[PDB]
Amino acid sequence: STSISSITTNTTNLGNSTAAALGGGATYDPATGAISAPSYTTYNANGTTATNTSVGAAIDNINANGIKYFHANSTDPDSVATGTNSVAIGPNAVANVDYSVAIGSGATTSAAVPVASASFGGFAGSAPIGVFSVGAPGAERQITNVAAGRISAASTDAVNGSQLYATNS
Amino acid sequence: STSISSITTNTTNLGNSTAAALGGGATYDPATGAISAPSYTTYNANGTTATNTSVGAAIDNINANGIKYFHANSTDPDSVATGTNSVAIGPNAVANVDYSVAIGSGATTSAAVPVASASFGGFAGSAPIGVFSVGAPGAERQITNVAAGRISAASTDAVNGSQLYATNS
Amino acid sequence: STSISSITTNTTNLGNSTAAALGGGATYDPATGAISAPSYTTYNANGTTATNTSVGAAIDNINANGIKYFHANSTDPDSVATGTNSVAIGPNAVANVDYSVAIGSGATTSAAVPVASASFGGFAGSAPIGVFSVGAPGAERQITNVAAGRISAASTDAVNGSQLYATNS
C-alpha cells in the first residue's frame with residue numbers, strides 16, 4: 001500500500017514537472033494522467049499567427065514561415081552562407097564570399113573590387129571588406145526608398161536618382 | 001508485487017526519456033518523480049541572453065526578441081511577406097511585390113521600373129527581377145558605409161556620394 | 001488491484017500525452033515506459049540539415065546556425081539592436097540609432113544626415129527616418145547587383161556605376 005502511495009505521488013510530480021517544462025499552458029490531471037496540449041504561437045508570413053499543439057510543429061513552423069519580424073515567403077531551397085562571418089537571406093541566396101551579405105531570392109556574392117579612382121580620384125570607401133548583394137547578374141534588384149546621400153569627398157552614403165538627375169540638369 | 005515492480009521500473013524509463021527529449025539539462029529523480037527544469041538559452045536584442053525554464057518561454061522569446069544574429073527591437077506589428085519568394089524584415093515591413101525585399105521599420109515595396117536609358121543609354125541592370133526596399137515614400141533611409149562602386153558601362157555596383165562629388169568637381 | 005490498474009492506465013495516458021506534446025515523431029511504449037526520441041529538423045548554413053533528438057539541441061541549433069532562409073555563418077558576438085524599431089543582422093552588427101538597420105559583419109549605425117541640396121537642389125528623400133547601414137567606417141561594403149534606378153527629380157532609387165559612367169561620357 002505504501003509502494004502504491006509512493007508511485008501515485010511521484011507520478012503526479014512527474015506529470016506536473018513535465019507540464020511545467022513544456023509550458024504553453026500545458027497542465028497535468030492526476031485523475032486521468034493526461035497532460036493537456038500546449039499552445040505555442042508561431043508567426044506566419046501573411047500577418048497571421050498559428051497555434052501549435054506540439055514542440056515539433058512549432059519548430060517546423062519557425063523554419064517554414066520564419067519568426068516575428070523575419071519572414072521569407074517561399075518553399076524554394078535554403079539560403080547558404082559559407083563565407084566567414086557572412087549572411088545569406090532568402091530562398092536560393094548564396095553568400096560564399098567572406099564578410100559579405102546576399103539578401104533576396106537568388107542573390108549571390110562575388111569578390112569586392114576596390115575602387116579608389118575612375119576614368120576622377122579621392123573616392124571614399126576605397127577598401128571594401130566585402131560585398132552587400134541585393135541580387136545576381138541578370139537578376140538585379142532596384143534599390144528603393146533611398147534618402148539623398150551626402151555629396152562630399154568623405155561620403156560613403158549611397159546616392160539616389162534625384163541626385164544624379166540634379167547634377168545632369 | 002511484480003506489477004508494482006513493473007510500474008516503478010517503467011515509470012523511471014518514462015521520466016528518464018522525457019528528460020532526455022527535453023534536453024536543456026533536465027534530469028529525472030526516481031526518488032521524487034520530479035523532472036528538474038530545463039535551461040534553454042535565448043538571445044535578447046541588447047547583447048544579453050535569457051534563461052528559459054520551459055519550451056514555451058523559449059519559443060516566445062525567439063519571436064519577441066529574435067535569434068542570435070537576427071534581432072529587431074520592437075513590439076510593433078509583424079513584417080508581412082506575401083510576394084512570391086519575397087522577404088520582409090522589421091516591424092511593419094511589407095513585401096507584397098514578387099521576388100522583392102522590404103527591410104527596415106515600415107519599409108514597403110512597389111513594382112520595379114526597368115530603366116535602360118534616361119534623358120544617356122546603355123545602363124547595366126536594365127531588367128530588374130524586383131525591388132530591394134530600405135523604406136517607404138516619405139520614410140526613406142540613408143544608405144551608409146557604401147564602398148565606392150565600379151564606374152564602368154558593365155557596373156551594377158551602387159555608387160557613393162564621394163563618387164558623385166568627384167564627377168562634379 | 002484497482003489502484004494498480006488505475007495507475008497503469010493513467011501512466012499510459014501520461015506517456016502518450018507527453019509524446020504528443022513533444023511531437024517530432026516521439027512515441028510512447030507502455031511495455032517499457034520509454035518515450036522514443038523526437039527528431040526535430042534544423043537548417044545549417046551550408047545547405048544541409050541537422051536532426052536533433054532533444055528540444056534543447058534544436059533551440060541551440062536555431063541560435064547557432066539560424067533558421068531556413070536566415071543564416072549568419074559565425075561564432076562571433078551577437079548583433080545588438082537598441083534603437084527603437086531597429087534591426088541588427090550579423091556578427092558584431094550594432095543598430096543603436098532609432099528606426100535604422102545595421103546588416104553585415106561589424107556593421108554600425110550613426111544618425112542620418114538630411115540632404116536637400118549640395119554644392120544642386122530639389123533632392124528627393126531629403127528627410128530620412130534613419131539609416132540603412134551595410135558596414136562601418138573603414139569597413140564599407142560594395143553594394144552589388146543593383147538594377148539601374150530611375151533618373152528623375154522624384155527618384156529615390158539607388159543609382160549604379162553604369163549610370164554614373166554614362167553621365168560622364
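Excluded from the calculations below are hydrogen atoms, water molecules and symmetry mates; all remaining heavy atoms, backbone and side chain alike, are included. Proteins get letters first, then strands, A, B, ... in listed order; numbering begins at 1 in each.
Taking both residues in full, the closest heavy atoms of C:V146 and A:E140 are given as C-CB, 4.0 Å, listed atom of the first, atom of the second, then distance. Shortest non-hydrogen contact noted between C:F123 and A:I151 is CZ-CD1, 3.6 Å. The shortest heavy-atom contact between A:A81 and C:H71 is CB-O, 3.9 Å. Contact detail for A:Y99 and C:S105: the closest heavy-atom pair is CD2-OG, 3.5 Å. The two residues C:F70 and A:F70 make their nearest non-hydrogen contact at CZ-C, 3.5 Å.
At least one donor-acceptor pair under 3.5 Å links the side chain of C:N13 to the backbone N or O of A:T32. Judged by distance alone, with hydrogens and angles left aside, the side-chain atoms of C:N73 form no donor-acceptor pair with the main-chain N or O of A:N85 at under 3.5 Å. A:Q142 places a side-chain N or O within 3.5 Å of a backbone atom of C:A148 that can act as its donor or acceptor partner. No donor-acceptor pair under 3.5 Å is formed between the side chain of C:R141 and the backbone N or O of A:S133.
Inspection of non-hydrogen atoms places C:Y40, C:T41, C:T42, C:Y43, C:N44, C:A45, C:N46 of residues 33-46 of chain C under 4.5 Å from chain A. Along residues 162-169 of chain A, the residues that come nearer than 4.5 angstrom to chain C, judged on non-hydrogen atoms, are A:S162, A:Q163, A:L164, A:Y165, A:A166, A:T167, A:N168 in order of number. At a heavy-atom separation below 4.5 angstrom, chain C is approached by A:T53, A:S54, A:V55, A:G56, A:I59 within residues 51-60 of chain A.
Contacts between C:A118 and chain A at a heavy-atom distance below 4.5 Å involve the side chain alone, from C-beta outward. In this structure, chain A has a heavy atom under 4.5 Å from the side chain of C:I7, while its backbone stays farther away. With a 4.5 angstrom heavy-atom cutoff, A:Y69 does not touch chain C via any of its atoms. There is no contact between A:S3 and chain C, counting heavy-atom distances below 4.5 Å. Of the atoms belonging to A:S86, it is backbone heavy atoms, and not side-chain ones, that fall under 4.5 Å from chain C.
Options A:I103, A:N63, A:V80 differ in how many heavy-atom pairs under 4.5 Å they form with chain C, and the most are formed by A:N63. Contact count against chain A (heavy-atom pairs under 4.5 Å) is highest for C:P91 among C:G24, C:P137, C:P91, C:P128. By number of non-hydrogen pairs under 4.5 angstrom with chain A, the leading residue of C:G135, C:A139, C:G149 is C:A139. Heavy-atom pairs under 4.5 Å with chain C peak, among A:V94, A:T82, A:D76, at A:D76. Your options are C:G161, C:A20, C:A21, and the one with the most heavy-atom pairs under 4.5 Å with chain A is C:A21. Between chain A and the options C:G104, C:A72, C:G23, C:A153, the largest number of non-hydrogen pairs under 4.5 Å is found for C:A153. When each of A:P30, A:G83, A:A158 is checked for heavy-atom pairs under 4.5 Å with chain C, A:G83 comes out on top. Considering only heavy-atom pairs separated by less than 4.5 Å from chain C, the leading option among A:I129, A:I62, A:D78 is A:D78.
The CD1 atom of C:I4 sits 10.0 Å away from the OG1 atom of A:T8 when rounded to the nearest 0.5 Å. With values rounded to the nearest 0.5 angstrom, C:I67 atom CD1 is found 11.0 Å from A:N61 atom CG.
Side-chain contact between C:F132 and A:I143: absent, with no pair of heavy atoms (C-beta onward) separated by less than 4.5 Å. Counting only heavy atoms from C-beta outward, the side chains of A:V87 and C:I89 approach each other to under 4.5 Å.
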In a table with atom names and distances, give each donor-acceptor pair under 3.5 Å that connects a side chain of residues 108-117 of chain C to protein atoms at least two apart or in another chain.
{"residue": "C:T109", "atom": "OG1", "partner": "C:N96", "partner atom": "N", "Å": "3.1"}
{"residue": "C:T109", "atom": "OG1", "partner": "C:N96", "partner atom": "OD1", "Å": "2.9"}
{"residue": "C:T109", "atom": "OG1", "partner": "C:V97", "partner atom": "N", "Å": "3.2"}

